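Residue numbers (my numbering), protein chains in the order written: chain A, 3 to 108; chain B, 601 to 716; chain C, 13 to 119; chain D, 13 to 119; chain E, 232 to 429; chain F, 23 to 144. By construction, the Cβ of each residue, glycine as well, lies at the ideal position given by its N, Cα and C atoms.
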Ligand SMILES: *[C@@H]1O[C@H](CO)[C@@H](O)[C@H](O)[C@H]1NC(C)=O
């Protein structure tokens, strides 16, 4: 019911690897989701169940973890993939979302 | 799962009292009434079942009528023939393994005292 | 209405020791008996589940088991909880009854 | 400086019997305790090697073992040596200490 | 769980990998054989037994596992062969009011042999004083109730499970579905395996 | 093809209720669950209420309780949310979400919606 994402602002140049972490007050047992709201559009879901990429449109956004610690490590970041990243539990029904991490340009 | 019991108070003899127990987070399917005489060993007084069968204390029979408000998720205890023995602390109990020979979760315990 | 009998009436023990308190049954129950913990200004909690098996309400170290006429309770060397009056609940015939109990203190 | 306590203060036994004398520990040692034999006008000899295992200084029959606080010594039916005062040595924290001991005689 | 249902499946090709591709299952553990290996194998009958059990007890439904829901109710033998699949279901099954329409078997006089189901409501009662068909001090409905709510933490929320049990009998096997589809090439020397002609 | 276009976006005075119609296209509305997520301006995604496949299961967020009725008419193909009283704080762009998350088949918040610029004014 409480999720906190530690890296509020990260600035990374092209090809930098950026790691983003959000942890939960109680075990969520592999039920977490990460989204990338580009400014001026609605969000898109980037990872579901903490370890599985979704529709497959995202290809390099590997993320991993079980229970309390889940981290989304972007690989060769391209300038286009810069946009706030948000996380929410998907199975406990009083769902909540974290504050968000902005991968801005340097 | 928290249990709150109330409605017990100083009362004149022969009086009949209503004991209101709130059951939260679980059904009243298996429940019992347990009393500790103040400064004395505890004594079981009543029990209720999934069938709804009521067994009253062997020592006191029919003075106490258990009411299972399963619809309201609450329990009530009637009082008759008030005596010094009746005065005690009453705790709502789920029971150990059901009332598997004993009790498990308790309430807070309501004081009842008789006074002429 | 089995007349449960419990010994001793009072017990005093300190730390890193085993505290023995025995209850006896008017009619021997083959495999069923219950123990309880009551602290001053506290709520009783299950210690033995009518002897279905060793029971919770305490760490595994605090287990005392008896059968038939002689039933006993003792707690291992693990640091004792504030010494508390302990009671014994009948486990076979209604009314399930409470043993007189042993008062507990520290010296 | 654990205050070792030993019981009983005096023991009297004859032949073909087991003699029980129990020592108790203020802090329970998990697996270590020592026993000694002292005869009048004689030198003390090791009986239990800090409970590493059953210890020599006596035939295998003379072995008594206790755990932590409840520690006890008893000797089998084998004919007893002249009854002798027996002491209990602490086995974990300096100073290793000697139990008060039980005086032994024959009747 | 008390009336765990059993469905006989036979004379039918099945794609096990359709279950495998999603891969979000809390379990999917296959005790009998590898998950990828399932498609090419032939078994005479597959028995799909489905029940709803809380999250803590999903582990119990495993060969040679001992616990309340793997002893009194459904129990699987040491030699049991099959794949066990499970997935969370807090939205679909649980309700805000409190789902009270799944019920489990907490008191049973005698242990249950492997893959055996008892639907009886016969009051159990460890102890003497003849309890009738009416419960009492040691007599108990042997089917106490599961309570399901949405706010409950993972491990207590309903986790519906299937226990496929592929089996072989002396008679010709029917349940048998590989795919292996590769387009033919004509007018070339090719290594070809059609429907078994190699 | 797949879409969850939304409508009913307009300025509303506080204490006044506007039904928000979240239409659906290219989906089997009955099996998919629908829930509402709101992003207040200059903040982050927040959650409100959920309707199951049968339309029989409703659960609500603690922040607003009993202040909104979420209803799924499969024949209409439209999930409707109406808020009895709209606080000045709730000036968010309401978002509609499609969640297939209990069927051994699906994952959460798969598509999302363009959104309606709800507004509270005085
Ligand atoms: C049911 O299961 C089948 C096989 O996995 C799957 O293809 C189908 O989409 C599922 N349908 C529903 C309604 O969940």
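6 Å Cβ shell around residue i - same chain, five flanking residues per side excluded
i	result
residue 122 of chain F	54 and 128
residue 23 of chain A	8 and 73
residue 89 of chain D	28
residue 60 of chain A	48
residue 106 of chain F	39 and 89
residue 46 of chain C	60, 62, 101 and 103
Partners in chain C for residue i, counting only beta-carbon separations shorter than 7 Å
i	result
residue 544 of chain B	This structure leaves residue 544 of chain B out entirely; chain B is present only between 601 and 716.
residue 684 of chain B	Per Cβ cutoff of 7 Å: no residues; residue 684 of chain B is ~18 Å from chain C at best.
residue 40 of chain D	28 and 89
Close Cβ partners of residue i (< 7 Å) along its chain, the five nearest in sequence each way excluded
i	result
residue 19 of chain A	75, 76 and 77
residue 118 of chain F	26, 28, 44, 56, 58, 101 and 135
residue 75 of chain F	52, 53 and 55
residue 39 of chain A	45, 85, 86 and 88
residue 579 of chain B	Nothing can be reported for residue 579 of chain B: it is not among the residues displayed for chain B, which extend from 601 to 716.
Assigned secondary structure, residue i (DSSP; H/G/I helix, E/B strand, else coil)
i	result
residue 26 of chain A	strand
residue 286 of chain E	helix
residue 299 of chain E	helix
residue 251 of chain E	helix
residue 267 of chain E	helix
residue 125 of chain F	coil
residue 105 of chain F	strand
residue 353 of chain E	coil
residue 274 of chain E	strand
residue 104 of chain D	coil
residue 79 of chain C	strand
For residue j and residue i, believed in contact at Cβ under 8 Å, the rounded distance
i	j	result
residue 41 of chain A	residue 88 of chain A	Actually they do not touch by this definition, with Cβ atoms about 13 Å apart.
residue 643 of chain B	residue 707 of chain B	Contact doesn't hold; Cβ gap of about 17 Å is too wide.
residue 282 of chain E	residue 249 of chain E	The Cβ separation is near 21 Å, so there is no contact.
Neighbouring residues, chain F, relative to residue i (Cβ below 8 Å)
i	result
residue 321 of chain E	124
Chain-order list of residues whose beta-carbon lies under 8 Å from that of residue i (same chain, five-residue window excluded)
i	result
residue 352 of chain E	372, 373 and 374
residue 84 of chain C	32, 33, 34, 35, 76, 77 and 78
residue 40 of chain C	79, 80 and 81
residue 246 of chain E	270, 408 and 410
residue 357 of chain E	338, 340 and 369
Where residue i meets chain C, residues with beta-carbon distance less than 8 Å
i	result
residue 81 of chain D	28, 29, 30 and 89
residue 277 of chain E	Chain C residues near residue 277 of chain E: none, gap ~38 Å exceeds 8 Å.
Neighbouring residues, chain F, relative to residue i (Cβ below 7 Å)
i	result
residue 80 of chain A	Within chain F, no residue comes near residue 80 of chain A; the closest Cβ sits about 22 Å away, beyond 7 Å.
residue 28 of chain A	The premise fails here: residue 28 of chain A is roughly 16 Å from chain F at the closest Cβ pair, so nothing lies under 7 Å.
Proximal chain B residues relative to residue i, where beta-carbon distance stays under 9 Å
i	result
residue 332 of chain E	Those do not exist, as residue 332 of chain E stays about 13 Å from chain B at its closest Cβ, beyond 9 Å.
Cβ neighbour criterion (16 or more within 10 Å) applied to residue i
i	result
residue 104 of chain C	buried
residue 118 of chain C	exposed
residue 704 of chain B	buried
residue 613 of chain B	exposed
residue 112 of chain F	buried
residue 328 of chain E	exposed
residue 93 of chain D	exposed
residue 331 of chain E	exposed
residue 56 of chain C	buried
residue 418 of chain E	exposed
residue 106 of chain C	buried
residue 350 of chain E	exposed
residue 711 of chain B	exposed
residue 425 of chain E	exposed
residue 401 of chain E	exposed
residue 696 of chain B	buried
residue 73 of chain C	exposed
residue 13 of chain D	exposed
residue 109 of chain C	buried
residue 62 of chain A	exposed
residue 42 of chain C	exposed
residue 682 of chain B	buried
residue 647 of chain B	buried
residue 322 of chain E	buried
Closer than 8 Å: residue i CB and nearest ligand 3 heavy atom
i	result
residue 125 of chain F	Questions concerning ligand 3 fall outside what the structure shown contains, since the ligands it does hold are ligand 1.
Within chain B, partners of residue i - CB distance below 7 Å
i	result
residue 371 of chain E	698
Cross-chain neighbours of residue i in chain E, by beta carbon under 8 Å
i	result
residue 133 of chain F	Chain E residues near residue 133 of chain F: none, gap ~17 Å exceeds 8 Å.
Beta-carbon neighbours of residue i, restricted to chain B and to distances below 8 Å
i	result
residue 99 of chain C	641 and 642
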